[PDB]
Amino acid sequence: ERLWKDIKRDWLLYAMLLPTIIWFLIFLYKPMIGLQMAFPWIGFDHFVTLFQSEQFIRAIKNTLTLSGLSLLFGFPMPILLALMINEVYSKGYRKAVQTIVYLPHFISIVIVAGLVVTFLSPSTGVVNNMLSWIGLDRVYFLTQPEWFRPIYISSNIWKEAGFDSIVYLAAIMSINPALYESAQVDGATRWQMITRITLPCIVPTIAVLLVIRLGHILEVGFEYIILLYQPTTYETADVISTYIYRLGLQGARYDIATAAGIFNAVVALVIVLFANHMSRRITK
Amino acid sequence: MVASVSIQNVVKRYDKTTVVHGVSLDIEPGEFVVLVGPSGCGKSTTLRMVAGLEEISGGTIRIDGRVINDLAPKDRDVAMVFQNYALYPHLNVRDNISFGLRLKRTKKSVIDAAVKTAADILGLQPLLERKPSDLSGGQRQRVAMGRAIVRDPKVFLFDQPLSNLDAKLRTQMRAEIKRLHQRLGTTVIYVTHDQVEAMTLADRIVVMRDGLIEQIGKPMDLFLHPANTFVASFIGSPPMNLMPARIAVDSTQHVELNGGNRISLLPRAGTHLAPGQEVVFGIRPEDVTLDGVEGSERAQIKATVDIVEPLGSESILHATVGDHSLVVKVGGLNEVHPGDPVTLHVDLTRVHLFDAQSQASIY
Amino acid sequence: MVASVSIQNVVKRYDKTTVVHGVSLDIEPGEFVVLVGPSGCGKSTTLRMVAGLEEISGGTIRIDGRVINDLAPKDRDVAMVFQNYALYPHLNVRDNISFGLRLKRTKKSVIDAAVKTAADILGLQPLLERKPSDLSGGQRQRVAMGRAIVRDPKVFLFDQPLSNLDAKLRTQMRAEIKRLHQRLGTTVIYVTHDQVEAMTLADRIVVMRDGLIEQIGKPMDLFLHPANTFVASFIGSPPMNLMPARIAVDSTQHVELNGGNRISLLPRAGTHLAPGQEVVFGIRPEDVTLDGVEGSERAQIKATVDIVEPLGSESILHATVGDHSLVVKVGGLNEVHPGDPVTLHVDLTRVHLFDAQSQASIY
Amino acid sequence: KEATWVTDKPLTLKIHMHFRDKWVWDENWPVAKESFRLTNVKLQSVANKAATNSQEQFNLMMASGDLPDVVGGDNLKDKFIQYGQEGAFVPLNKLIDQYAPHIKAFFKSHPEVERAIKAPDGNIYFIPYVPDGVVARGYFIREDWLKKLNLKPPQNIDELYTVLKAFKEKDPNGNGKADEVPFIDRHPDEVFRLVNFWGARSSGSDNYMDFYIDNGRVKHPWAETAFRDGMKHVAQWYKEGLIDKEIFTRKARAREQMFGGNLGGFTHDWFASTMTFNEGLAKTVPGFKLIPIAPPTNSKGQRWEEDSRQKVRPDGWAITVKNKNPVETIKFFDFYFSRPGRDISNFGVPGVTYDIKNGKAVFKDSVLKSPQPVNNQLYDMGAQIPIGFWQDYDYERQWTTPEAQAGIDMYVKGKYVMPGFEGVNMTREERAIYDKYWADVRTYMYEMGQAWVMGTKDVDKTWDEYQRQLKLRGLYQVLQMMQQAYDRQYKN
Amino acid sequence: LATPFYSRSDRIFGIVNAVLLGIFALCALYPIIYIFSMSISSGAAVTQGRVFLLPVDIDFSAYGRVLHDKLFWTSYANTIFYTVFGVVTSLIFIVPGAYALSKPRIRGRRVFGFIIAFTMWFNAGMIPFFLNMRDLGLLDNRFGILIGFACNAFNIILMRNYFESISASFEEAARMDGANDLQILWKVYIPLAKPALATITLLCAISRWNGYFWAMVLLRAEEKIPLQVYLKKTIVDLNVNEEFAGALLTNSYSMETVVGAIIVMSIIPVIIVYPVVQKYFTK
Ligand SMILES: O=C(O)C1=C[C@H](O)[C@H](O)[C@H](O[C@H]2[C@H](O)[C@H](O)[C@H](O[C@H]3[C@H](O)[C@H](O)[C@H](O[C@H]4[C@H](O)[C@H](O)[C@H](O)O[C@@H]4C(=O)O)O[C@@H]3C(=O)O)O[C@@H]2C(=O)O)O1
Ligand SMILES: [Ca+2]
């Protein structure tokens, strides 16, 4: 019919699409059948075994906690950094800030971890030294379960916040000046502007970026945690993704792990559905 | 709220460039004055200097007695309508208008009344709760104007309000603007690259070129008696012809151009142009007719037809005279048929001459 | 070459929606024909269907005797000039021009004569070696046309070519197109949203409102005798005035307008009028005059002056009769004062009448 | 050709050996090259040299569907037995009897050792690391710091508290700063050994957290009520900054950092290697004198030395079912129990690190006078590594200094060294229980103890929940199995 | 933003803004200049009170240690390989793939789009991916790393978006000249897409260079190890041979100084190319 004609016409172009489709089927969609297998069959029990663990339930309890902190402190920061750079005159000064603020993004996560362990080491690490300078004594940071999350979210904003600020910055740069100039004729003030124009105009961008941010919300800090979590911090640091890793790959317990992975994935899809709904609905 | 703005030797300088050269213009109260010229002249830069959106690098401008140079736009008693869509996409039309007033608030009643007025003027009442997302470009510009008239300024500042509009909308909006000036009567400076809006809307037209100010006068002054060759080529619906010519035998009588043609001249005393003088002879397409002007008492021009573009009840005839072509506006048809010879009859009273070196008005 | 394109009942359907309904047009060899209409319309889709960039879902279209319905655009023997200039901003100008012919055929194609011609036509000596990233949009479109004319096809296809160009440039290029078609003479179908270019360039105009084909005929045919109220309001430099009207006591004699006004009508033939009939009275701005100069009597009308916009040696007068306003073209630069009443003398021969429902020309 | 060749045609085998969370086998090792020369058998390592945890890597190898020809490392004994019973490892019994005279003879002269490495099925699935010596670890303190501060060596726990407090407080290192760290160890577990001063065992053997026997009853030192009261005090010592804050982390570099940097005041470690530092760093730390001390009298009025050199450490290598040359491999393994094999696996390589003198192996002077301990030097070369091999105490005697030797004799004469726990014989059924719960229980215990030491958790408050956790995690089940193994054998 | 100065409520605000942003910038630039100095300083200096910012006792010694490390340069080589060839494979799978996805004459345009995009919000999870890597025989394999992660949904829809943004008149004109599909893609649409190409090759590049987890999971042979893995061993875990303990005393560098030198040698190529990268996008 139409199809064959097109195809007869949409081939050379139809050829290109195939390997990408072959790839997605093999490395992405083929593993979902594995989802189905590791899910001698049954099953649904080790789900109730996974239900009861004193280490696990605290890992989800830690997961959504860390999600809370990352949403509170982590997310709004690149927007803040975005607005603050846009308020900068002086040309190159601003440029100088950007290259400074963007750079940490390119620093590897494991290197970030190393920077952390070398900075926070007692009697050696510069931070503790600076504390000894003003008479704050010393703290062994990575062992203390009290300090884990602050160290983490802080190091994370240091690494990713500028690069994440780039997008929002571009968005606010795309607003036609007329809104600002006409606002200035009525005598708006910079703060009045960012509240009454820049932010509301940039909202669709921050809402779209938030529903992606929520998509990964349960996996937050995986490589960091998997790198730096000590026995004493096992309690506060251990998160669902990490638990899955430890039992599934390290501990070589697959079925129970893959199942935990399902729990995580389904909850993530649910939270991104509930995100996209309220987002698209309420923000445009 | 009817006030006079005088601009004295105002100059803008960006870095080393000096955009505007010390433009000076005085504007009477209640007057509608249009800055017009090509792109890159200080039209917008001057207007914005008035607004306070750009610093004045030299000279002073003042509204009434107040010298507004060091003042702020908020306090300058001005309102500006911009070129592109100054409304905020999230706010409703009512909130868009009331925005400036809600900056300081001070009551919802006062601003309610003001909005009532403005909406009544632009017919924005049914559009109040609607959103910029869905509105006509013209409607957007109307509410944008509502922003301005709700401020109740001494001066209305217009920067190419109609540029992004389609032509059909532009003529209408132009009419609406004139009507509006009748209704309100507030002093207004209006900036355009379009000769038409200038000729129609303006009480006084000031044409500017490359940072300088080429001429000032009523529309018909600029049209009938352009200071130079540029102003001649600029205003008017088609361009004025302006082809190079000379003088020869005698002076105040005959002028000859490249086509082996000679045109006798009406005296116009006070002219005093020299024989042989390098000159450019202008004539407007409406001031040239076909052979129906009966025998050319003064022995008018000769030309060969290039093309004919039929338009309305009129038609645009392109004829060539020597190395150059003149465009004459004739009736709304006729055989013509490009490629055959044709005799044109020039109106002697409407001819304009300009010197080659000094581009000034001469005849 | 000089070829004839026949189009018979051509229709394309998107999903269940039929874009063009049974469009049929026969185009003479060497004829310059213009498709024209509103924004969304099947002019671009028809042209595209000729080009072969869109498949033919129904009807047949052929060039000469060759049926092009199922064919390759390359083999369609057509050349197309895009609105977006469609030129590769990599290759040299000369390379862009020679591109189509350089796929095959080097060494005994020689390529030099054609590019010589096309270079002289658009008059580019220096522009032979350049890049599209450099040259201006006008020159970009010039060489774009160079690609087409160097192809030597049977038919030229133009989809809104100068649309993205500025007005001053648009007119120039329009003249260049006229002249070019006179010089070369290949068959050309030309799509536009602008009435002016249709009037100027077309041997025949065909106006298409969305869906079907509204009217066909020479420019003056569409100007003098519109098929409906739409063809009337669409064509002409200002809009033809259209106001509601009636008949009453007798038919072929009088037709009455809103406020206190009636016009004696010239009887003619094929009219088939009738008393009391709801009708819209059209009249062009040029077909209305001031108070009568000569005159007089039963051809007059009474109004009140709303606003007058001087254009030049001409002036646009907005006159209000009833709750509706009509626009007249004044020989002004004379003096008229807004707010006082004035008399208008309508040309009785150039009036147009259209039924209110049928929306088509009765008179 | 060589007389010690186990094959005529050269044979190359795939070995997975990742041990002590530090080293992997290197076929480019001088000792490896020598072993290949003498045995005509080259061992090529398949392991990640980037890996950290060795146990982890073993577990991953076993689950990867492919096994090498030989698997080796430290603390694999229980795993050797488990996976041997499951068929991952081949029984070496017939291979030893027919093809391995040296090992056979060794086991005949050492029925206890052979018994120790045997599985419940009566099979030997691996050839063990066999240590040679008597004493292992002893307490060492800085005599020069005692003399500079005019302090006498502590005879008791209270006196040592006071001494380590003096170390903590006023400038024993004389730099004008408080930077000094009184107690350091390369082994984190040694911090737990401090409970000895309060009358608690941290272990029943040289193996950390091992079980012990008291009056015919099997106990685990960490599950006892005394351990709580001791740990309270050790947590106090950490809190007062007497114990190195990094003790659980610093590990293998500890001595070199703390003694080399003149920060460390006290330690508990092996006699020889600890005494080597006196000669090594004497130029960098001019006054450095580290001397052996008898254990101080503890709170129970006794002198305890909990550590001793053991017989048959739970280390060694085994032959997989995927190995296509079991005979050649068992001969090869038997090489290391012969004289030349012991010579290369103990002294490194001849003409390089040692020479043959009077029929015995004598280290080069270049090795003996090196600031780095001889055994470390040997590790880096591929010697003294936990393959199946027979250790020779002479190798250690050569670098054992007179002060070290006198420390050893001091500990031997005083009978301070506690009797070591050799083991019990489980059947196939009960050992399954042991193996199921023990690793995880031990991990939990370690985590908890580390939490207590660093003061992140109060020992007293968490003790009850800790005991409950021990029961629910299956410690006591294992304990009853251990007991049922014990009481059958030993009666009267 | 706003050009003309004026109000106090602005001026003060702007100054405190520049100051806050300045302090933040300094905090963010601090760790980079620290370890650079710290890498250069002497073990004894770093071990107690010194450094804090500038070098102190120099001696330059740790760099030698890293320079004579064979696994370090081996791993660096591995990463250069993985970034270059990984990027190339990603491009060859994406750029044409998105190009087809852009043209809405495709039947699968609706469904293929869903296929690709759906992977964003739902993943089979860690273990299933690893296992599918296992039975595909790609474990401990370089090509397994290259082909394992090439296509991302994000880079695809982004690429197709920049393609779609381009007016169809170019392709149309090309077809008018006889050019078909692929030869269009290379001749016109690709040189038009340079910014999107840039953002893509950049994102993929950094993804390969800084990648850690799946490399250390999927790789066994040490000679295949890509930097950040090996880096994980030396820079974070921080437990070492008696060998390094013995190298410590005969050298006068420190553990910390060696770590510093290592992370420096790790970040240098990134600090170099970075201005070039930024300069492009920061126009
Ligand atoms: O120091 C000497 O003088 C000395 C002389 C002897 O000739 C002999 O070579 C002896 O070798 C000792 C060495 O000195 C260390 O004390 C070494 O410590 C080992 C310990 O024995 C355990 O094997 C420990 O196993 C760890 C394993 O490495 C993992 O970390 C795992 O997670 O936990 C286990 C554990 O249960 O602790 O590793 C220690 C280590 O390598 O540091 O023991 C040898 C020895 O031969 O026993 O030294
Ligand atoms: Ca000190």
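Cut-offs used in this document
- Residues numbered from 1 in each chain as written, not as in the entry; some residues may be left out.
- Chains lettered and ligands numbered in written order.
- Heavy atoms only, no water.
- Contact = heavy atoms within 4.5 Å.
- Buried area = accessible area lost by both parts, 1.4 Å probe.
- Salt bridge = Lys/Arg side-chain N within 4 Å of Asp/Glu carboxyl O.
- Polar contact = N/O pair within 3.5 Å; in protein donor to acceptor, adjacent residues only side chain to side chain.
- Helix = DSSP H or I, 4+ residues; strand = E, 2+ residues; numbered from the N terminus.
- Nonpolar A, V, L, I, M, F, W, Y, C, P; charged D, E, K, R; others polar.
- Axes fitted to C-alpha atoms, helices over the stretch in contact; angles between N-to-C directions.
- Parallel < 35°, antiparallel > 145°, perpendicular 65-115°, else oblique.
- Left-handed = near helix turned anticlockwise from the far one by under 90°.
- Core = buried A, V, L, I, M, F, W, Y, C linked by side-chain atoms within 4.5 Å.
- Buried < 20%, exposed > 50% of the residue type's maximum accessible area, 1.4 Å probe, protein only.
- Domains from an automatic or database assignment.
- UniProt positions renumbered as here; feature names shortened; annotations may be inferred.
- Near = heavy atom within 4 Å.
- Areas by Shrake-Rupley, 256 points an atom, 1.4 Å probe, with all protein chains shown as cover.

- Going by the header, the method for this PDB entry is X-ray crystallography, and the resolution given is 3.204 Å.

- Naming follows the PDB entry, where chain D appears as AlgQ2 of Sphingomonas sp..

- As named in the PDB entry, chain B is AlgS, taken from Sphingomonas sp..

1. Overview of the interface of chain E and chain C
Here is step 1: Each side of the interface is counted separately: chain E has 14 residues, and chain C has 20 residues.
Here is step 2: Its largest share of buried area at the contact with chain C, chain E owes to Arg175, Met176 and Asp177 of chain E, together 44% of the area lost on that side.
Here is step 3: On inspection of chain E and its partner chain C, the count reaches two salt bridges.
Here is step 4: Where chain E packs against chain C, one counts six residue pairs in polar contact.
Here is step 5: Top contributing element to the side of chain E that touches chain C by residue count: helix α9 (residues 169-177) of chain E, with eight residues.
Here is step 6: The residue makeup of the side of chain E that touches chain C, split by class, is seven nonpolar, three polar and four charged.

2. Focus on the arrangement of the chains
Here is step 1: Contacts are most numerous between chains A and E, considering all eight pairs of chains that are in contact.
Here is step 2: With no contact between them, chain B and chain D keep their nearest C-alpha atoms 53 Å apart.
Here is step 3: Looking at chain C next to chain D, you find no contact at all, with the nearest C-alpha pair sitting 50 Å apart.

3. Focus: the packing of helix α14 (residues 240-250) of chain A against helix α15 (residues 255-282) of chain A
For any two helices packed against each other, one specifies the inter-axial angle together with the distance between the axes.
All names here are of chain A.
Here is step 1: Between α14 and α15, whose axes approach to 8 Å, the crossing angle comes to 160 degrees. Judged by the inter-axis angle, α14 sits roughly antiparallel to α15. Crossing of α14 against α15: the hand is left-handed. Residues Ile240, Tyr243, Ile244, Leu247 and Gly248 of α14 touch α15, and the partners they reach there are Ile256, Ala257, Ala260, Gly261, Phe263 and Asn264.
Here is step 2: A class-by-class count of the residues in the contact of α14 with α15 yields eight nonpolar, three polar and no charged.

4. Regarding the interface of chain E and chain A
Here is step 1: Taken together, the contacts link 94 residues of chain E with 83 residues of chain A.
Here is step 2: Buried area between chain E and chain A, summed over both chains or domains, comes out near 8200 Å², and the portion from carbon and sulfur atoms is 76%.
Here is step 3: Looking at the side of chain E facing chain A, the largest losses of area belong to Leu1, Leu21 and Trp121 of chain E, adding up to 9% of the total buried there.
Here is step 4: The tally of links between chain E and chain A comes to two salt bridges.
Here is step 5: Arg105 of chain E is the salt-bridge partner of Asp10 of chain A, the closest N and O atoms lying 3.1 Å from each other.
Here is step 6: Connecting chain E to chain A are 16 residue pairs in polar contact.
Here is step 7: Take the side of chain E that touches chain A: its biggest share by element is 19 residues, from helix α1 (residues 8-40) of chain E.

5. Describing the nonpolar core
Here is step 1: In this structure, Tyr224 of chain A together with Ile35, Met159 and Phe213 of chain E are the most contacted members of the largest nonpolar core, which totals 157 residues.
Here is step 2: Among the elements that line this core, the one with the most residues is helix α2 (residues 12-38) of chain A, at 12 residues.
Here is step 3: Counting 76 residues, the second largest nonpolar core, distinct from the first, contains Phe192, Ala223, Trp237 and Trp463 of chain D.

6. Structural notes on the domain arrangement of chain B
Here is step 1: Taken domain by domain, chain B comprises domain 1 (1-239), domain 2 (240-286 + 347-363) and domain 3 (301-345).
Here is step 2: Between the C-alpha centres of domain 1 of chain B and domain 3 of chain B the distance comes to 40 Å.

7. Remarks on the UniProt feature "binding site: Ca(2+) 1" (unreviewed entry) in chain D
Residue and element names in this part refer to chain D.
Here is step 1: As recorded in UniProt, the feature "binding site: Ca(2+) 1" (unreviewed entry) lies at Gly133.
Here is step 2: Residue classification places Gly133 among the partly exposed residues on the basis of a relative accessible area of 34%.
Here is step 3: Excluding anything up to four places from it in sequence, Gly133 contacts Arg309 and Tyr393.

8. A closer look at the site of ligand 1
Residue and element names in this part refer to chain D.
Here is step 1: Taken together, 21 residues sit near ligand 1, with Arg20, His187, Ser273, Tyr395 and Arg442 positioned nearest.
Here is step 2: A distance of 2.8 Å is found between an oxygen atom of ligand 1 and a side-chain nitrogen or oxygen belonging to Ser273.
Here is step 3: Contact distances for ligand 1 include 3.5 Å between an oxygen atom and a side-chain N or O atom of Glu396.
Here is step 4: In isolation ligand 1 offers 830 Å² of accessible surface; the protein chains occlude 85% of this area.
Here is step 5: Those elements that place two or more of their residues in the shell around ligand 1 are α12 (271-280), α16 (374-381) and α17 (393-398).
Here is step 6: Counted by class, the shell around ligand 1 contains six nonpolar, five polar and 10 charged residues.
Here is step 7: When residues of the shell around ligand 1 are sorted by domain, at least three fall in each of domain 1 (1-132 + 311-399) and domain 2 (133-310 + 400-492).

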